Amino acid sequence: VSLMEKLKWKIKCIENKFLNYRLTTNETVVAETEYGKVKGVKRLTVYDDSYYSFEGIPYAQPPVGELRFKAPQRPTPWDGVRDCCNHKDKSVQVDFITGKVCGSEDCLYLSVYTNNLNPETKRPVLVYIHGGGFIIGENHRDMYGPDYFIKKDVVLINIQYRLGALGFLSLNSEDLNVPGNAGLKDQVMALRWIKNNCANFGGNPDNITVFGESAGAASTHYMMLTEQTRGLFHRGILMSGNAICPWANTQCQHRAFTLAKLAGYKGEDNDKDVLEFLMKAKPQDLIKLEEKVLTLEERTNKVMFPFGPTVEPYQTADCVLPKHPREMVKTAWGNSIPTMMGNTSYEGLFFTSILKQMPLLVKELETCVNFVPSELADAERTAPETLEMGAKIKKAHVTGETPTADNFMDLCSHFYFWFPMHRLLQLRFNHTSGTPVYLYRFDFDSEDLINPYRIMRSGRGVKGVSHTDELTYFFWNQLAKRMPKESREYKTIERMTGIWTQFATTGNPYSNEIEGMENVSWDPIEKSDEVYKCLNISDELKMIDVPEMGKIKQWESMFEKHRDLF
């Protein structure tokens with residue numbers, strides 16, 4: 001990231017500190033939790049609203065020393081008042097602006113926000129799980145400020161969970177008790193805390209919605225799949241992702257050795273010795289070196305991250321993913337709660353930054369074999385079957401003689417987001433009670449209000465609605481500002497937080513108290529539907545046939561002779 005954006009960020013970081021101070025009040029309050037009393041503080045927003053804030057609430061033991069790489073443990077209770085008027089540190093990770101490692105192993109916290117601690121009726125509970133490829137992210141308010149949501153009468157909760165190898169190392173040797181998915185197991189224990197405590201904050205424990213974007217969408221889906229959380233929550237929103245996206249899980253059991261070797265380990269490839277090295281290594285050294293773990297073969301086959309959600313190789317008490325995600329959908333308790341899913345209108349427009357450093361990637365579309373789903377393609381991607389599937393992809397996205405960057409970003413929309421959504425819907429239909437699933441398409445483009453991901457994807461002065469562009473209308477961030485109430489941006493904040501809270505409350509996302517939904521008839525998808533219908537959210541709210549459908553079906557045709565893999 002450029003020197004200019006670095007300094008620009010530095011200055012906004014400085015602005016955010018002083019703004020955060022100014023927006024604080026002397027009104028502190030104490031709430032009960034099953035672990036002891038917590039002290040929160042009332043804060044202001046730039047729209048002259050206010051909300052009670054409890055930050056740094058521990059839902060697990062600090063996962064340090066011998067707890068590193070391990071499943072989380074319930075925290076120790078205290079008798080006194082825990083100071084929750086300040087935020088705790090984020091999971092150890094690379095900062096995308098600076099490039100330096102930041103964070104701490106002591107990161108297992110959640111935050112609780114609400115405009116009214118003593119409501120007259122128990123409120124819908126919304127739980128946000130942040131994205132960031134399972135390698136970055138946080139519940140700090142400079143990125144995920146509850147300021148828009150607290151206009152509504154809900155309880156909003158933002159969690160943290162372990163990222164990268166500290167979150168997702170996985171070892172085969174059953175004796176060592178590092179099966180994997182610790183970071184997902186963090187998510188589970190936070191859910192259980194939320195179930196058992198949200199009542200103390202005005203929250204209704206029988207009406208909980210979990211939602212997340214990107215890796216947070218995949219996480220939300222995982223929380224809907226695992227037996228570990230059955231009956232814990234009641235609605236789910238999958239924003240730009242799910243657990244059968246190709247980036248959303250990986251078999252990373254061999255990659256521990258590589259990371260150790262990168263970090264200075266001398267010795268042999270056996271799990272025990274590898275673990276002992278990794279256990280004593282400095283957490284920043286491990287995280288700094290994660291970028292380098294993936295082989296050129298893996299990157300070629302579109303493996304995106306070295307460490308992430310995985311099929312655990314043996315079953316333990318806290319096991320989260322005992323089979324591949326596609327297999328888990330077939331038995332998922334979450335299949336039978338109200339679900340909402342959706343994507344932006346140009347998801348793949350995110351990849352512009354990466355394309356600029358690697359122009360050669362556009363030549364991949366000449367045959368498109370690298371984008372054939374791994375499970376269908378051969379090792380070298382040279383088999384005649386593979387060229388044939390690759391051709392079906394090429395016909396779907398390449399528009400002229402020679403492939404363009406827009407062709408590429410369009411393909412990525414489907415490779416990473418639309419096609420997995422299609423596979424999940426169809427798979428889910430075969431194993432469900434018949435609870436509704438609703439589809440939305442976020443199609444609102446503005447440069448007047450933005451979020452920090454636009455810095456990452458080099459999205460300055462780029463038209464179209466990229467992956468993460470919708471976060472701007474859900475959460476306050478340190479790049480935001482007060483928008484006039486009549487502005488198209490402010491209206492969309494109302495609409496988005498409105499629909500989300502409407503869906504959280506009733507399991508039905510439609511309301512005629514939302515401006516612009518007067519002629520909206522928002523139907524759920526049926527298994528009989530050849531064509532998906534979605535609410536398309538632009539300046540106007542319009543129900544349409546999913547525009548990506550035709551390409552969606554072209555991708556499906558790759559499985560013509562392999563329907564059982566679909």
# chains A, B, ... in the order shown; residues from 1 in each chain; ligands from 1
>>> residues_around(residues="segment 351-358 of chain A", least_positions_apart="4", cutoff="8 Å", atoms="only C-alpha atoms", output="mmCIF file with C-alpha atoms, in the first residue's frame")
data_model
loop_
_atom_site.group_PDB
_atom_site.id
_atom_site.type_symbol
_atom_site.label_atom_id
_atom_site.label_comp_id
_atom_site.auth_asym_id
_atom_site.auth_seq_id
_atom_site.Cartn_x
_atom_site.Cartn_y
_atom_site.Cartn_z
ATOM 1 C CA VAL A 362 -5.582 -12.396 -17.421
ATOM 2 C CA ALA A 405 -9.482 -7.678 -17.164
ATOM 3 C CA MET A 409 -13.146 -9.907 -12.628
ATOM 4 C CA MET A 456 -6.806 -2.383 0.054
ATOM 5 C CA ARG A 457 -8.408 -3.233 -3.315
ATOM 6 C CA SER A 458 -7.066 0.062 -4.720
ATOM 7 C CA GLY A 459 -10.685 1.051 -5.371
#
>>> residues_around(residues="residue 325 of chain A", least_positions_apart="3", cutoff="9 Å", atoms="only C-alpha atoms", output="list in words")
residues 222, 225, 243, 244, 249, 311, 321, 322, 328 and 329 of chain A
>>> residues_around(residues="residue 121 of chain A", least_positions_apart="4", cutoff="10 Å", atoms="only C-alpha atoms", output="MDAnalysis selection string")
chainID A and resid 153 202:204
>>> write_last_selection(atoms="C-alpha atoms", output="CSV table (one decimal), in the first residue's frame")
chain,number,residue,atom,x,y,z
A,153,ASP,CA,-34.1,-1.2,18.9
A,202,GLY,CA,-32.0,-6.5,27.1
A,203,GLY,CA,-31.6,-9.3,24.5
A,204,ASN,CA,-34.0,-12.0,23.7
>>> closest_residue(among="A:208, A:217, A:278, A:135", to="residue 306 of chain A", atoms="only C-alpha atoms")
A:135
>>> closest_residue(among="A:60, A:101, A:349, A:117", to="residue 464 of chain A", atoms="only C-alpha atoms")
A:349
>>> closest_residue(among="A:282, A:82, A:482, A:162", to="residue 39 of chain A", atoms="only C-alpha atoms")
A:82
>>> atom_distance(atom1="atom CA of residue 194 of chain A", atom2="atom CA of residue 509 of chain A")
23.0 Å
>>> atom_distance(atom1="atom CA of residue 167 of chain A", atom2="atom CA of residue 231 of chain A")
24.9 Å
>>> atom_distance(atom1="atom CA of residue 379 of chain A", atom2="atom CA of residue 296 of chain A")
13.0 Å
>>> closest_residue(among="A:33, A:158, A:214, A:229", to="residue 242 of chain A", atoms="only C-alpha atoms")
A:214
>>> select_by_dssp(residues="segment 339-408 of chain A", states="strand (DSSP E)", output="list in words")
residues 339, 340, 341, 342, 343 and 344 of chain A
>>> closest_residue(among="A:439, A:520, A:71, A:479", to="residue 320 of chain A", atoms="only C-alpha atoms")
A:71
>>> closest_residue(among="A:450, A:223, A:156, A:535", to="residue 510 of chain A", atoms="only C-alpha atoms")
A:535
